[PDB]
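Novice: Have a look at this one.
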Amino acid sequence: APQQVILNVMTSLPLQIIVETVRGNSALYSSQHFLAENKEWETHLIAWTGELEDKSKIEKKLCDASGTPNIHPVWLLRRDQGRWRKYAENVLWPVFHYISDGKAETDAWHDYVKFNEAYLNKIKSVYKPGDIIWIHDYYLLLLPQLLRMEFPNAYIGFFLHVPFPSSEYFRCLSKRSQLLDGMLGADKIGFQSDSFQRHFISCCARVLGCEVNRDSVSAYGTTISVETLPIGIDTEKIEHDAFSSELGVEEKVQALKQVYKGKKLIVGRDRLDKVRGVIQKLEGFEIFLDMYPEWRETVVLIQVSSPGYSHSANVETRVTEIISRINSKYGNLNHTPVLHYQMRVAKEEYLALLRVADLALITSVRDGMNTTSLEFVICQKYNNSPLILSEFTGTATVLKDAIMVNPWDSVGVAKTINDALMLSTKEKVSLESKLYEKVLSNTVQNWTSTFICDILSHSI
């Protein structure tokens, strides 16, 4: 459904070098795929991979050669590769998320600029006048200006998957002007939520002299368009996998149904981080067990977690301490209230987990979008299990009718969990209807098509 009369640029390639990268860009990856299988225009992919003879790079290409292909990668040689991730993860990520003492920051900045430079280098290497350029996220904040300087009139769009911080937090950055500058090269810039748009605009007016209004930031004697376009999932594929007989999700669902007979299941998947709010979920769950003796022995919380980059070590320690406390207090030999899986689970196992779920709880402190909630809503269309959503997550912006909570308010989280578990059948079915068609309203495909159309629409 993309209009007919593309380069997609990313932090990392969807596949690691030994293969598939789970690294959690699935809504994004789905968009890339949608782009790859388009026939009206064929997409080219620009990205880097930091992994654990220069034609042996073409050995790794040799069977990183699924693709369209001709996927376009970038290579950084050096030992302590993590450096590439260091400015982005140690400086930008915490600030953008409203959150480490290094004095090597300048070196990290050096690496950051190098990263962006290599991206530009490759892009110009294979660019053909008249391309449309799409770039994603914080690793590539510099790039739009480099492309605009290198090219005066190319159509360039930038989308930020992560949150954008308020001017108060953004000012902290030493390079703040260069990052803002950098971003101002795209004709069109996209955000998950209204607040991030407002914050970016405010940043552009305060840190830089640029003159702004509610949808436009104007500088260079040029006008830049900013937008709120929350990303969607690939609904058709997720629904198909969730409910297809071939993939074998059904056996797993019935097997899990067999294991947890007579028990209510709360299922969530989050990275172990400050922002994803696992701690608040566990605290609320503990309070919930505290308040309602009726639900003791009968409620099991299943949490599957993904590893964090660092300074989430204490997050893992705290989360773990709370889990140990809850299981010590309310657990026995046959019943374990909290199940914590830190291993990578299979896609079918995951979808199974979502389908068997009697509850979904999202307690994110701050994020661009919660994919898991949407996927859960798809997985519950026939079963109609309730979703509880943090008001601070970006998905609260699109799923307005969903049950809402303040994750910091643990006692409230408890009350809400009790309320959701005790919902009448019709309430469940109706709410799931509303949320389901609301999710179905924005597909990844339509979101991706709409955004390309917006980039083109403004670059006139």
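Here, A, B, ... name the chains of the structure tokens in the order displayed, residue numbers run from 1 inside each chain, and ligands are numbered from 1 in the same displayed order.
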Compile a residue-level contact table for region 38-60 of chain A against region 108-131 of chain A at a cut-off of 12 Å, reporting for every qualifying residue the shortest atom pair and its distance in Å to one decimal, with only C-alpha atoms counted, rows ordered by chain and ascending number, as JSON lines.

Specialist:
```
{"residue": "A:41", "atom": "CA", "partner": "A:131", "partner_atom": "CA", "distance": 10.4}
{"residue": "A:42", "atom": "CA", "partner": "A:131", "partner_atom": "CA", "distance": 11.0}
{"residue": "A:43", "atom": "CA", "partner": "A:131", "partner_atom": "CA", "distance": 10.1}
{"residue": "A:44", "atom": "CA", "partner": "A:126", "partner_atom": "CA", "distance": 9.4}
{"residue": "A:45", "atom": "CA", "partner": "A:123", "partner_atom": "CA", "distance": 9.6}
{"residue": "A:46", "atom": "CA", "partner": "A:123", "partner_atom": "CA", "distance": 7.2}
{"residue": "A:47", "atom": "CA", "partner": "A:119", "partner_atom": "CA", "distance": 7.3}
{"residue": "A:48", "atom": "CA", "partner": "A:119", "partner_atom": "CA", "distance": 8.1}
{"residue": "A:49", "atom": "CA", "partner": "A:115", "partner_atom": "CA", "distance": 11.1}
{"residue": "A:50", "atom": "CA", "partner": "A:115", "partner_atom": "CA", "distance": 11.4}
```

Novice: Pull C-alpha atoms from the residues just selected and write them as an mmCIF file, in the first residue's frame.

Specialist:
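The new file part-v3.cif reads:
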```cif
data_model
loop_
_atom_site.group_PDB
_atom_site.id
_atom_site.type_symbol
_atom_site.label_atom_id
_atom_site.label_comp_id
_atom_site.auth_asym_id
_atom_site.auth_seq_id
_atom_site.Cartn_x
_atom_site.Cartn_y
_atom_site.Cartn_z
ATOM 1 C CA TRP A 41 10.949 0.458 -5.389
ATOM 2 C CA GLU A 42 13.690 -1.806 -4.042
ATOM 3 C CA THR A 43 15.277 -0.880 -0.723
ATOM 4 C CA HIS A 44 18.972 -0.754 0.071
ATOM 5 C CA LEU A 45 20.114 -1.177 3.655
ATOM 6 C CA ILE A 46 22.901 0.804 5.281
ATOM 7 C CA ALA A 47 24.203 -0.338 8.667
ATOM 8 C CA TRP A 48 27.134 -1.515 10.795
ATOM 9 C CA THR A 49 27.700 -4.676 12.788
ATOM 10 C CA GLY A 50 29.993 -5.059 15.814
#
```

Novice: Determine, counting only C-alpha atoms, which protein, DNA and RNA residues have an atom within 12 Å of an atom of residue 458 (chain A); residues of the same chain fewer than 3 positions away are not included. Present the result as a VMD selection string.

Specialist: chain A and resid 155 to 157 186 to 189 215 to 216 222 to 227 451 to 455

Novice: Pick out the residues sitting within 10 Å of residue 105 (chain A), and hand them over as a list in words; count only C-alpha atoms, and ignore anything fewer than 5 positions along from it in its own chain.

Specialist: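 Those residues are residues 86, 87, 90, 91, 110, 111 and 174 of chain A.
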
Novice: Any idea what's packed within 12 Å of residue 394 (chain A), counting only C-alpha atoms, ignoring anything in its chain fewer than 2 positions away? Could you give it as number ranges by chain?

Specialist: A: 161-164, 191-196, 228-232, 275-276, 362-371, 373-374, 389-392, 396-400

Novice: Generate the output file for the selected residues, N, CA, C and O atoms, as a short mmCIF file (atom, residue, chain, number, x, y, z; two decimals), in the first residue's frame.

Specialist:
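The resulting out-v4.cif:
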```cif
data_model
loop_
_atom_site.label_atom_id
_atom_site.label_comp_id
_atom_site.auth_asym_id
_atom_site.auth_seq_id
_atom_site.Cartn_x
_atom_site.Cartn_y
_atom_site.Cartn_z
N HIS A 161 13.29 6.50 17.35
CA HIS A 161 12.52 5.43 17.99
C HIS A 161 12.51 5.62 19.50
O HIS A 161 11.54 5.27 20.18
N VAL A 162 13.59 6.17 20.03
CA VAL A 162 13.71 6.45 21.45
C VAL A 162 13.05 7.79 21.80
O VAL A 162 12.80 8.60 20.91
N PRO A 163 12.87 8.06 23.08
CA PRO A 163 12.29 9.33 23.51
C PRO A 163 13.22 10.51 23.29
O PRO A 163 14.41 10.32 23.17
N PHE A 164 12.67 11.70 23.19
CA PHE A 164 13.49 12.90 23.16
C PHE A 164 13.34 13.68 24.45
O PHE A 164 12.24 13.90 24.93
N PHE A 191 8.59 11.37 15.46
CA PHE A 191 8.65 10.91 16.85
C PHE A 191 7.51 9.96 17.19
O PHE A 191 6.48 9.94 16.52
N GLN A 192 7.70 9.18 18.25
CA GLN A 192 6.68 8.23 18.71
C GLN A 192 5.51 8.95 19.37
O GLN A 192 4.36 8.56 19.21
N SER A 193 5.81 10.03 20.08
CA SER A 193 4.80 10.71 20.87
C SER A 193 4.87 12.24 20.81
O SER A 193 5.88 12.80 20.44
N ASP A 194 3.77 12.89 21.16
CA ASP A 194 3.62 14.34 21.10
C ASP A 194 4.67 15.06 21.94
O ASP A 194 5.26 16.06 21.52
N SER A 195 4.90 14.53 23.15
CA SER A 195 5.82 15.14 24.09
C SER A 195 7.24 15.23 23.54
O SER A 195 7.94 16.22 23.78
N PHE A 196 7.66 14.21 22.80
CA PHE A 196 9.01 14.17 22.26
C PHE A 196 9.17 15.23 21.17
O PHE A 196 10.22 15.87 21.05
N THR A 228 4.51 13.44 14.66
CA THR A 228 4.24 12.36 15.60
C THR A 228 3.63 11.20 14.83
O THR A 228 2.51 11.29 14.34
N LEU A 229 4.42 10.15 14.63
CA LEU A 229 4.00 8.97 13.88
C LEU A 229 4.37 7.68 14.59
O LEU A 229 5.35 7.05 14.23
N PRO A 230 3.52 7.30 15.64
CA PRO A 230 4.00 6.10 16.36
C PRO A 230 4.10 4.87 15.47
O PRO A 230 3.22 4.61 14.68
N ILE A 231 5.18 4.12 15.63
CA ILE A 231 5.40 2.91 14.85
C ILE A 231 4.46 1.78 15.23
O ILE A 231 4.04 1.66 16.38
N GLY A 232 4.12 0.96 14.25
CA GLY A 232 3.25 -0.18 14.47
C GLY A 232 3.99 -1.48 14.20
O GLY A 232 5.11 -1.47 13.69
N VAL A 275 14.51 1.95 32.64
CA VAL A 275 13.36 2.52 31.94
C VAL A 275 12.22 1.54 31.69
O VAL A 275 11.06 1.95 31.65
N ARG A 276 12.54 0.26 31.53
CA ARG A 276 11.52 -0.73 31.20
C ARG A 276 10.68 -1.11 32.42
O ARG A 276 9.66 -1.79 32.29
N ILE A 362 2.56 -3.89 31.61
CA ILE A 362 3.64 -3.04 31.13
C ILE A 362 3.83 -1.87 32.09
O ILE A 362 2.91 -1.09 32.30
N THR A 363 5.03 -1.75 32.66
CA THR A 363 5.31 -0.77 33.70
C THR A 363 6.47 0.16 33.32
O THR A 363 7.13 0.73 34.19
N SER A 364 6.69 0.29 32.02
CA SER A 364 7.81 1.08 31.50
C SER A 364 7.86 2.50 32.06
O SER A 364 6.86 3.21 32.06
N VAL A 365 9.03 2.89 32.56
CA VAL A 365 9.23 4.22 33.12
C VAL A 365 9.29 5.27 32.01
O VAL A 365 8.73 6.36 32.14
N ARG A 366 9.96 4.92 30.92
CA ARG A 366 10.12 5.82 29.79
C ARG A 366 10.61 5.08 28.55
O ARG A 366 11.71 4.53 28.54
N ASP A 367 9.79 5.07 27.50
CA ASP A 367 10.20 4.48 26.23
C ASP A 367 9.52 5.14 25.03
O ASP A 367 8.55 5.88 25.19
N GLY A 368 10.04 4.86 23.84
CA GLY A 368 9.42 5.34 22.62
C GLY A 368 8.14 4.57 22.34
O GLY A 368 7.08 5.15 22.14
N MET A 369 8.26 3.24 22.35
CA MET A 369 7.11 2.37 22.10
C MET A 369 7.28 0.99 22.72
O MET A 369 8.38 0.43 22.72
N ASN A 370 6.19 0.45 23.24
CA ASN A 370 6.18 -0.91 23.76
C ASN A 370 5.55 -1.88 22.77
O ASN A 370 4.32 -1.97 22.68
N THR A 371 6.39 -2.59 22.04
CA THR A 371 5.95 -3.56 21.03
C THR A 371 5.19 -4.73 21.65
O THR A 371 4.20 -5.22 21.10
N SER A 373 3.20 -4.97 24.16
CA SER A 373 1.79 -4.73 24.46
C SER A 373 0.92 -4.96 23.23
O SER A 373 -0.11 -5.63 23.30
N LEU A 374 1.34 -4.40 22.10
CA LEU A 374 0.64 -4.56 20.83
C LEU A 374 0.56 -6.03 20.42
O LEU A 374 -0.52 -6.55 20.11
N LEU A 389 -1.42 -0.98 31.32
CA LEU A 389 -0.43 -0.15 30.65
C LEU A 389 0.01 1.02 31.52
O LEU A 389 -0.81 1.72 32.12
N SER A 390 1.32 1.23 31.58
CA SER A 390 1.89 2.38 32.28
C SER A 390 1.51 3.63 31.50
O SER A 390 1.51 3.62 30.27
N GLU A 391 1.16 4.69 32.21
CA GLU A 391 0.77 5.93 31.54
C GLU A 391 1.98 6.66 30.98
O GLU A 391 1.84 7.60 30.20
N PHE A 392 3.17 6.21 31.37
CA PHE A 392 4.40 6.85 30.94
C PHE A 392 4.99 6.22 29.69
O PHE A 392 5.91 6.77 29.09
N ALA A 396 0.70 4.08 25.56
CA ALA A 396 -0.46 4.72 26.18
C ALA A 396 -1.04 5.81 25.28
O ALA A 396 -2.23 6.11 25.35
N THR A 397 -0.20 6.39 24.43
CA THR A 397 -0.65 7.41 23.48
C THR A 397 -1.61 6.84 22.44
O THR A 397 -2.57 7.52 22.04
N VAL A 398 -1.38 5.60 22.00
CA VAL A 398 -2.23 5.05 20.94
C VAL A 398 -3.37 4.19 21.50
O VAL A 398 -4.49 4.26 21.00
N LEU A 399 -3.09 3.40 22.54
CA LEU A 399 -4.10 2.53 23.14
C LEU A 399 -4.76 3.24 24.32
O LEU A 399 -4.60 2.82 25.47
N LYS A 400 -5.51 4.30 24.02
CA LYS A 400 -6.12 5.13 25.05
C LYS A 400 -7.12 4.37 25.93
O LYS A 400 -7.23 4.65 27.13
#
```

Novice: Would you pick out the contacts of residue 326 (chain A) at 8 Å or less, using only C-alpha atoms, so that residues sharing its chain but fewer than 4 positions from it are not included, and give the list as JSON, numbers by chain?

Specialist: {"A": [286, 322, 330, 331, 337, 338]}

Novice: I need the chosen residues saved as a tab-separated table (two decimals), in the first residue's frame, with C-alpha atoms.

Specialist:
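Writing the result to out20.tsv gives the following:
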```tsv
chain	number	residue	atom	x	y	z
A	286	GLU	CA	4.53	-8.03	45.81
A	322	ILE	CA	12.83	-8.53	44.90
A	330	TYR	CA	4.80	-16.61	48.99
A	331	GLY	CA	6.45	-19.53	47.22
A	337	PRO	CA	5.09	-16.82	42.17
A	338	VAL	CA	7.80	-15.27	39.97
```

Novice: Taking only C-alpha atoms into account, name the residue in A:171, A:274, A:39, A:263 that is nearest to residue 336 (chain A).

Specialist: A:263

Novice: Looking at only C-alpha atoms, which of A:387, A:435, A:17, A:456 is the one that sits closest to residue 132 (chain A)?

Specialist: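 Using only C-alpha atoms, the shortest distance to residue 132 (chain A) belongs to A:456.
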
Novice: Which residue out of A:279, A:15, A:154, A:411 has the minimum interatomic distance to residue 459 (chain A) when only C-alpha atoms are used?

Specialist: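 That would be A:154, the residue with the smallest distance to residue 459 (chain A).
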
Novice: Let's see if you can do this: from backbone DSSP, list all strand (DSSP E) residues in region 97-251 of chain A, as a VMD selection string.

Specialist: chain A and resid 132 to 136 155 to 159 188 to 191 211 to 212 216 to 219 222 to 228

Novice: Take the residues that were just selected and, keeping C-alpha atoms, output them as a compact mmCIF listing (two decimals), in the first residue's frame.

Specialist:
```txt
# COMPACT_ATOMS: atom_id res chain seq x y z
CA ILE A 132 14.98 9.01 -0.66
CA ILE A 133 16.91 8.60 2.60
CA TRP A 134 15.55 7.24 5.85
CA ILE A 135 17.69 7.19 8.97
CA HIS A 136 16.90 5.85 12.41
CA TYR A 155 14.94 14.22 0.38
CA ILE A 156 15.94 13.10 3.86
CA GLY A 157 13.76 11.84 6.69
CA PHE A 158 14.78 11.10 10.25
CA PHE A 159 12.86 9.00 12.73
CA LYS A 188 11.09 15.54 7.91
CA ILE A 189 11.65 14.31 11.47
CA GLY A 190 9.44 11.76 13.23
CA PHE A 191 8.65 10.91 16.85
CA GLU A 211 12.81 29.86 14.93
CA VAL A 212 10.01 27.40 15.66
CA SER A 216 7.88 23.40 12.08
CA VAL A 217 11.44 24.18 13.05
CA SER A 218 12.91 26.72 10.67
CA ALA A 219 16.61 27.34 10.14
CA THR A 222 14.94 26.41 5.22
CA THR A 223 11.93 24.81 6.82
CA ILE A 224 11.96 21.48 8.68
CA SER A 225 8.87 19.42 9.41
CA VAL A 226 8.43 17.52 12.66
CA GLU A 227 5.88 14.78 13.19
CA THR A 228 4.24 12.36 15.60
```

Novice: List the neighbours of residue 25 (chain A) out to 10 Å using only C-alpha atoms; skip same-chain residues closer than 3 positions along the sequence, and give me the result as a list in words.

Specialist: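 Returned residues: residues 12, 14, 21, 22, 28, 29, 30, 31, 161 and 371 of chain A.
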
Novice: Which is closer to residue 106 (chain A) than all the others in A:175, A:358, A:210, A:235, using only C-alpha atoms?

Specialist: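 Using only C-alpha atoms, residue 106 (chain A) sits closest to A:175.
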
Novice: Do you have the CA of residue 75 (chain A)-CA of residue 179 (chain A) distance handy?

Specialist: 22.8 Å

Novice: For residue 430 (chain A), which residue out of A:299, A:445, A:350, A:380 is the nearest one, using only C-alpha atoms?

Specialist: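 Closest residue, counting only C-alpha atoms: A:380.
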
Novice: Of the residues A:37, A:294, A:270, A:241, which is the one nearest to residue 67 (chain A), using only C-alpha atoms?

Specialist: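 The answer is A:37, which sits nearest to residue 67 (chain A).
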
Novice: Interatomic distance between CA of residue 292 (chain A) and CA of residue 415 (chain A)?

Specialist: 9.3 Å

Novice: I need the residues in region 267-458 of chain A that are helix (DSSP H, G or I) according to DSSP; give them as a PyMOL selection string.

Specialist: chain A and resi 278-291+293-295+313-330+347-356+371-379+394-397+410-421+425-441+444-458

Novice: Please indicate the distance in Å from CA of residue 418 (chain A) to CA of residue 288 (chain A), rounded to one decimal place.

Specialist: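 If I compute the distance from CA of residue 418 (chain A) to CA of residue 288 (chain A), I get 7.4 Å.
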